[PDB]
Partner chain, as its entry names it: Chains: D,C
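Next comes just one chain, in structure tokens: the form deposited without the partner chain.
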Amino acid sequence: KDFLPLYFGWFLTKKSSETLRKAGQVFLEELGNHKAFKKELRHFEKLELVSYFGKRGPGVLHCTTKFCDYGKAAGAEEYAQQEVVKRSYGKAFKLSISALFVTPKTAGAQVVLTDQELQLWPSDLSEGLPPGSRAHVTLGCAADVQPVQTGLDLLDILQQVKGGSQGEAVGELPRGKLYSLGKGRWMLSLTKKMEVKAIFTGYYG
């Protein structure tokens, strides 16, 4: 049997990946300047977040669908054998970014998947949240933080937002509204969604 990739996911083009990478850099630089962030620094001299989130990927940003660990992961073989997965393999997709976010552990961009893009999303064996809510693009990680965290951090954020714990926006950036969720969490609800071009394929390390 042919073993699977490390993980499936949409991989952004050079232009898209550069666009979002700079968009995230500006966000972290602006958030680090904002007065509302400095007050709640103890909950989280100046702390520049670009350094703080030092761990970032090889350089091509991606939105992971299914982590297969070459087949070691559960539901890996089940996932890859799907027709939509093999049909969509190598095909280009347009992902939408609704927001950027930051926690003490991770920083990333929230992806909003279209229904067709939802057919490529796994549903293996996160309560009351529509599938695909986890969809994200990691922008950086803290030193002792695993890659897996970034997805979990987004879910936990959206768990609060549906409750209305974000409340008032503590600031207004030129590209969106800024939100304090406490416990070091920060969300930038983008005014206009960022669209990016990405190819759905498998990554083998």
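Residue numbers count along the first chain shown, from 1.
In terms of unmodelled positions of the deposited sequence, the stretch from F44 to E45 in this entry skips 4 to 9 residues. Unmodelled residues of the deposited sequence between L125 and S126: 4 to 9. Per-stretch averaging of Cα B factors for 7 to 15 and 186 to 194 places 186 to 194 on top.
Averaged over their C-alpha atoms, the temperature factors of 167 to 175 and 48 to 56 are higher for 167 to 175. Sort the modelled residues of the chain by CA B factor and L129 lands in the highest third.
When the CA B factors of the chain's modelled residues are split into thirds, the value for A36 lands in the highest one. In the PDB entry, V161 places in the highest third of its chain by CA B-factor.
Among the modelled residues of its chain, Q146 has a C-alpha B-factor that falls in the middle third, as given in the PDB entry.
Below, we turn to the form solved in complex with the partner chain, even though it does not appear here.
Put simply, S123 is far from the partner chain in the deposited bound form: not one heavy atom of it is within 4.5 Å.
Though the partner is left out of this view, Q166 does reach within 4.5 Å of the partner chain in the deposited bound form, counting heavy atoms only.
The closest non-hydrogen atom of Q81 lies beyond 4.5 Å of the partner chain in the deposited bound form. With a 4.5 Å cutoff on heavy atoms, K193 counts as touching the partner chain in the deposited bound form.
The partner is absent here; in the deposited bound form, the one residue of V161, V26, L41, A36 having a heavy atom within 4.5 Å of the partner chain is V161.
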